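Student: Below is the sequence, then the experimental coordinates.
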Amino acid sequence: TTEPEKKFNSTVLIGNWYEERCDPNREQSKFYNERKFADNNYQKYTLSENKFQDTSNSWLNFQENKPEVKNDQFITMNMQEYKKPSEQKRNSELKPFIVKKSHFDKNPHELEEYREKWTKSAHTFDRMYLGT
Amino acid sequence: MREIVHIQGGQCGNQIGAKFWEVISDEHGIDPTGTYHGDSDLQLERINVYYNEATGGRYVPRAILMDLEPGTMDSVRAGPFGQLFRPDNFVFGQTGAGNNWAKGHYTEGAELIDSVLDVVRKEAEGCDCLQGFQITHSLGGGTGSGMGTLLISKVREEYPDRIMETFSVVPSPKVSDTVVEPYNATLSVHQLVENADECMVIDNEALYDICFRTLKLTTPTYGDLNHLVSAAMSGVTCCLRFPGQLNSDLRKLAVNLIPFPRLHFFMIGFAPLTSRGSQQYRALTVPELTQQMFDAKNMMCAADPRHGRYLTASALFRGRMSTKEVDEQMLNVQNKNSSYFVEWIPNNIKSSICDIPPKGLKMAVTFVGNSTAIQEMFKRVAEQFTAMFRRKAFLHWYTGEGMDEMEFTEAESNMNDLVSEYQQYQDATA
Amino acid sequence: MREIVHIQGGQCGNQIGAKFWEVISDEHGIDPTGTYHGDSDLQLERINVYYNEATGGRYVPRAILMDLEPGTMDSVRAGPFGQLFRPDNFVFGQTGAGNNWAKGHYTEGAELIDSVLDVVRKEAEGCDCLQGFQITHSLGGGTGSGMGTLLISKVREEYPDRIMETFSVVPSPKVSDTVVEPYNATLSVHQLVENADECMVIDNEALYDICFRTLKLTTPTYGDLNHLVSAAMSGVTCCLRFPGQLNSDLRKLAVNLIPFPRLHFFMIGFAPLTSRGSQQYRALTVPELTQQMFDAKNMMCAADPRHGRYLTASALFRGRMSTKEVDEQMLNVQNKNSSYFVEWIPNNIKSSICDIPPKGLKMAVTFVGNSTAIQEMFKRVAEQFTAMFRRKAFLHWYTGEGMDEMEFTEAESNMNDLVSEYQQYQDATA
Amino acid sequence: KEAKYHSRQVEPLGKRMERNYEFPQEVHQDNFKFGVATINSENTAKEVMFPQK
Amino acid sequence: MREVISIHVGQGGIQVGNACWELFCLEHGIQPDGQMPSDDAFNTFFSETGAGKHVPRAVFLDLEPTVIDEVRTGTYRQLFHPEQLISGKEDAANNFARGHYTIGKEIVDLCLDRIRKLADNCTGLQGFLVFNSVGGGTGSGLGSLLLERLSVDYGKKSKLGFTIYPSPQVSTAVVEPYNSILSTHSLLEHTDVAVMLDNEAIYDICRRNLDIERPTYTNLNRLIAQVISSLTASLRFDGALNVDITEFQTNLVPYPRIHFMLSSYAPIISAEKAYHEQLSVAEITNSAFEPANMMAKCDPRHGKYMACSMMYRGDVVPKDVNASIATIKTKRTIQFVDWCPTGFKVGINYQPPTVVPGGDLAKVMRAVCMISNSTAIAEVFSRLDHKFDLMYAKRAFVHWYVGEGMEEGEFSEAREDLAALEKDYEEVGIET
Ligand SMILES: Nc1nc2c(ncn2[C@@H]2O[C@H](COP(=O)(O)OP(=O)(O)OP(=O)(O)O)[C@@H](O)[C@H]2O)c(=O)[nH]1
Ligand SMILES: Nc1nc2c(ncn2[C@@H]2O[C@H](COP(=O)(O)OP(=O)(O)O)[C@@H](O)[C@H]2O)c(=O)[nH]1
Ligand SMILES: Nc1nc2c(ncn2[C@@H]2O[C@H](COP(=O)(O)OP(=O)(O)O)[C@@H](O)[C@H]2O)c(=O)[nH]1
Ligand SMILES: [Mg+2]
């Protein structure tokens, strides 16, 4: 059980076919739904392009095709942290258990619905003392 | 002064505690954000007992929450009243006891307690004059019964003169959720009788019957059962936070209820409890409260109080009432039922009166009674234990974590010794 | 503003330089017509490090392209990004070297090197504060090793203070393209230890296995190998062109990596390198980058770094990150692999951070290492030299250009002397 | 022209036997969750005691 | 923060894991490409890539490549990790010696490397779930070798296996009584919990409940996936009564040698006739204990019960569970072992079951899954021993095993080990 060398085109299941299918430069990286995935002939008189995985063309700098990494690719810690003390906010990452943001914080309307519901409702303070 | 601290462990203890703080905050007018919104001065008069004072004027409970998995402690913080507790008082592990008493007391629980004993020590040191401790836990679970009983032993060693309360939920055969309940329940009783000053036992079996019949509601859940226990728990310390004609703190209850040191297992109950549709047909008077108080079906224990003799009983009345009514009713019940009261101790009922009734009630009563009928619960639990242990079933878990079968036999002898010693006074005569 | 000049010679040096200027122009957003088309202003404040400004606002690289035959520099002009280089910076003879060290270093190199020395002096005096030189060439060829090392000595005679970097492609016995490599490989190495302040060796054999084992691309060409060296070459000067938290120029590397004057031979590496198929299934974090950068199979040299011990290593992190993770991993990898680090020097790793990651990525790491195992590469070349020299094979061409056997004997002596001097620290104990 | 044999409308390949019922589509289509009922929740949980009235 | 790692080996394991992962993705709302359209309950089965997609915590092993290649070329090619689909070149050809002594030794190193890489990322690893059919060579051989390696490599991590033992009479191969016994030996000394999932029982369940007369393997795998999801839902959904992995076999294993159990699921019904019955909590729990709805072809009426770990999911109430348990106890046709007074471990969850589009089941609001440990399981071992004894009496098919590096005497030793297991089951269940 050793590694073979290139003898067949990248449409058979001979070893090291996965990477060749992943390479978008090859024409074979992009297949048809009706090739395979076909219950019967009369179901569709059609062909449709489906593509094999979602992969960039260059092996290096592969993180391309993500709009987010392109935006923050020229942001510096000084630019990030030292904006202006009128409109700057904390960016540190805390322990998850401390930022739980419990139920009554999620929906504050429940809070004023409460209190009058249970607190300060139907108190009867009576004391049998001589002076009071 | 004379303030107390709260410790809860396990899932069952945490759910009981999470509702008890809800009840107390309502009485003193504390919203879930910790801001006072009451109307009377007496609400803020004795808030030092259960609450601390922080900068900015917010009140925080002095409670310690312990467990070995974050499953239940994540839910209690994400629900209502999750912002009441101090975030640093949450202490928990990462593995879980796995319903194994040996794991929760020898291997994993013993490792964690270094941290939790520090916060408990810090809390009990900063107080002005400590009065005692109180514990809420279940005897049918791993972390609840395992770490819970170990924590009692070490705190007792550091505070020999303080008093301890335990609100324990023992497992009954009719409602069983674990197969190794008899093992760890028996082991928890061994250490509990040695250290805890006062032990109150609760049954999920009895709580269902009360909610089924007395309240006549068809679909109870664990939310409602936790509320029934919560009402009784606040009732015991009611006279400690409000003025009254007769004052009796926790220590006074211990002296007047415990004749002999090893007999400190009580049963509790609450009154009045009436359904929604029948609440307008009742009249709130002392003569009718005492009827529901002594009702054998109203006790929170599966033990039938008429199957033994009351060594002693106590009643804590709340509201506006006359002492002549209270005193004359407790005499009549003793005379009418002299058979059910042991006869070498005269007038074995203690009565206390508090001037502030609970939320929305004209009157309420909390009953704490020490009766010989509690032996039946231990007998039926021990019967399950001896059938399982005679075949050494499920014993490879405990023997695989450092504890041997010598402790299992030793614990059973002490538990059987308690019942034989407890039943002796039922037939004892002067 | 501490700007460097670039000199490339031979076919291999010109090909590396052709690909290198493609990455740098891509990073700075430079049109192949020399026009700036960037997005942020961070790309222009330091553009004078690599590029010169001319009329019309176009930018021209300061590079000298030198060879003995116009075949290769016809292709570099016609290829992509060929319009950048000034036509006045092409110098070439009409004959070629023919894989002969003496011809490129004594007969044809000497008569032509006056012209290339003029353009280098012209560019050097143009800049205000010169930083140093970087040279890309191959030691297995005629005009590369021969005429290249003659220019290296000439510049060091004129600018003795500036730092000199070389990216040398040394021959590898596993994959052979020429039968006379051992002769001219040893000769040029003799002239490097007295002149070059930093030398970073590269093997084509090491590149081929990286592409086959890590990138898993079936049919790589020289364009792919050229890209790997370009990425590492551009990452060395990242902190000199962009703002960061811990800046470090070339001189900070030389001072902080060279314990003794004749131990300036380094091996390089780059991360993260991943196969095209599994690009999205791995998370880019500091723990992952620091694990891969020290892998024995990720280096750019045939030598195995786990057969010796590191003297000093340097890591130049890129992208926005936090310093504590950077500092803790270097300590962690040093403690867990203390067998591979020499003991008489503590904390022999430097960390540098820049806030601008390469285009198309979010983090990147360049590794420069000084390890005792780089001598295994010289042993193989030296072994081949002795076998060929004892029979005096192919020697009549070298002796036919005024070159005598005496400096053949000196070359093998100094080559062996370096290895003996460089391995005696491997087991040296203080 | 082959479906109507009483062998294509019964015992198909890897499918439940076709029993042609008709359901009330005014309900039953969007998010109906089978079963008997939603275990009808009772009014009042903690306010049976502390009636608030 | 609690994870579990799933290992799939053999064609049966792969083809049941495919359905299991389809069901899990449908439950958690993850598209086949791995993205989520719009809390962190997924963490027990998946792992965040840092930005976007979620990668399952699974590794696939096989020696014959066709089944793996279908995964890599199907509609789920964008979900699995490309380097976690480990495959060989040559099949085991229903030979145990090939997969354990000849060609299975060259890939276990890669499998352990992948498992180590997966586990190093995890922080709260609960245990392992291993899927494999036992009647095949590579399923029995590689499974045995992998269990033996993982035990010594990991120590006290709990391992659960969902094994498909050969059916009494309806079976495919002919030499499978041979290699099943050896793998039974190997797993008995190294696994923590084993589940019986024979094939006739699933066929009868389908025919009786779904009214399906020609079921294919796609239908059978969905039931197993539902069972796994119901078992694991307590790790990732909050409920009124939660139970963890370690709180399974500490309540199901009385003695270390007795850890073979069989499961049932209810309700299993189609949409056409789930509307004429109310599916109350009282009636679903009766079908769970009904012997005919049992996923293993065994008769529970022929033996005593030890412990039943039965799980509820949906909108059940702890009130109603106790009454049903009391009725089951008071029923006379079901008897427990004498030395076990309480025998039920009950769990309740809030998340209702999910139905896969294009499936056969219904979207009911209640479901109960029971894992039962009983003494009746000895019958399958006895019949397998008889079938082995019929063939081995004259060394049939043995030259295929001897010629592949395996010694002759292993069959005998496995025979005495199965005999000892029979003796243990016989002696444990006797009245005290
Ligand atoms: N439930 C179920 N069982 C299956 C399935 N596929 C195969 N089996 C069982 O597996 C047994 C045969 O072993 P296979 O799983 O097919 O093959 P293997 O275990 O990988 O062993 P090799 O044949 O050597 O590759 C059959 O008797 C089936 O009972 C399936 O999709 N579902
Ligand atoms: N009153 C009450 N009892 C509960 C609750 N949850 C569980 N129980 C009971 O506690 C027993 C199990 O104890 P368990 O919670 O597992 O203990 P732990 O493992 O130490 O947390 C069961 O028999 C339940 O009847 C609850 O919320 N309230
Ligand atoms: N990495 C890389 N190596 C090259 C390239 N072109 C040639 N080489 C290597 O250089 C060696 C020959 O060097 P050569 O061009 O003859 O040197 P020169 O005669 O001085 O120009 C061969 O062994 C090749 O492997 C290239 O484009 N990239
Ligand atoms: Mg197969």
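Tutor: Great, that's in hand. Residues are numbered from 1 along each chain as shown, chains lettered A, B, ... in the order given. Ligands and ions are numbered 1, 2, ... in the order given.
Student: Tell me how far the residue nearest to residue E:376 when sequence neighbours are not counted lies from residue B:403.
Tutor: Closest residue in space to residue E:376, ignoring its immediate chain neighbours: residue E:303 at 3.2 Å, by CB to CB, 6 or more residues apart in numbering or on different chains. (C-beta placed from N, C-alpha, C; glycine too.) For residue E:303, the distance to residue B:403 (CB to CB, to the nearest Å) stands at 32 Å.
Student: So stretch E:374-387, near ligand 1 or not?
Tutor: No. Judged by CB under 6 Å from any ligand atom, stretch E:374-387 stays clear of ligand 1, getting no closer than 13.6 Å.
Student: Which residues belonging to that stretch are considered buried?
Tutor: For stretch E:374-387, the neighbour count (16 or more other CB atoms under 10 Å in any protein chain shown) marks E:374, E:375, E:376, E:377, E:378, E:379, E:380, E:381, E:384, E:385, E:387 as buried.
Student: Please apply the same query to stretch E:297-310.
Tutor: Buried-residue list, stretch E:297-310, by 16+ other CB under 10 Å: E:297, E:298, E:300, E:303, E:304, E:305, E:306, E:307, E:308, E:309, E:310.
Student: May I have the phi/psi pair for the closest residue to residue E:99 other than its chain neighbours?
Tutor: Spatial nearest neighbour of residue E:99, chain neighbours left out: residue E:141 (2.5 Å); criterion: CB to CB, 6+ apart. Main-chain torsions, residue E:141, degrees, to the nearest 10: phi -70, psi -60.
Student: so who does the closest residue to ligand 4 within chain D touch?
Tutor: Residue nearest to ligand 4 within chain D: residue D:14 (21.5 Å; CB to the ion). Neighbouring residues of residue D:14 by CB atoms under 8 Å, 6 or more residues apart in numbering or on different chains: E:212, E:214, E:215, E:216, E:218, E:219.
Student: Just the buried ones from these?
Tutor: E:212, E:215, E:219.
Student: returning to that earlier point: which one of the buried residues of stretch E:374-387 is nearest chain A?
Tutor: Taking CB to the nearest CB as the measure, chain A sits nearest to residue E:384 out of the buried residues of stretch E:374-387, at 33.2 Å.
Student: tell me what the helix or strand containing that closest one is packed against?
Tutor: According to DSSP states H and E, residue E:384 maps onto helix E:378-392. In terms of contacts (3 or more CB pairs under 8 Å, 6 or more residues apart in numbering or on different chains; DSSP states H and E), helix E:378-392 is packed against helix E:176-188, helix E:410-428.
Student: Can you name the residues in contact with the last one?
Tutor: What it means is helix E:410-428. Helix E:410-428 is contacted by residues E:178, E:181-182, E:184-185, E:188, E:254-255, E:257-258, E:375, E:377-378, E:381-382, E:384-385, E:388, E:392, E:398 when judged by CB under 8 Å, 6+ apart.
Student: wait, does stretch B:398-409 make contact with chain E?
Tutor: No. Counting by CB under 8 Å from any CB of the partner chain, chain E has no neighbours in stretch B:398-409; the shortest distance is 9.5 Å.
Student: That stretch: end-to-end distance?
Tutor: 13 Å (CA to CA, to the nearest Å).
Student: what are the ranges of the helices in the chain?
Tutor: No chain was given, so I picked chain A. Assigned by DSSP state H, chain A shows helices spanning A:18-22, A:67-71, A:77-81, A:103-106, A:109-113.
Student: hm, I was asking about chain E
Tutor: Under the criterion DSSP H, helices of chain E are mapped to E:11-28, E:66-73, E:96-97, E:108-121, E:137-154, E:176-188, E:199-205, E:217-232, E:246-249, E:281-289, E:318-330, E:378-392, E:399-402, E:410-428.
Student: count of neighbours near residue B:45?
Tutor: Residue crowding around residue B:45 was assessed by other CB atoms under 10 Å in any protein chain shown; the count is 12.
Student: what about the residue nearest to the spatial centre of chain B, which SS state?
Tutor: Nearest residue to the geometric centre of chain B (CA atoms, centre = their mean): residue B:167, 1.9 Å. The local conformation at residue B:167, judged by DSSP: H, G, I helix; E, B strand; the rest coil, is strand.
Student: All good on my end, thank you.
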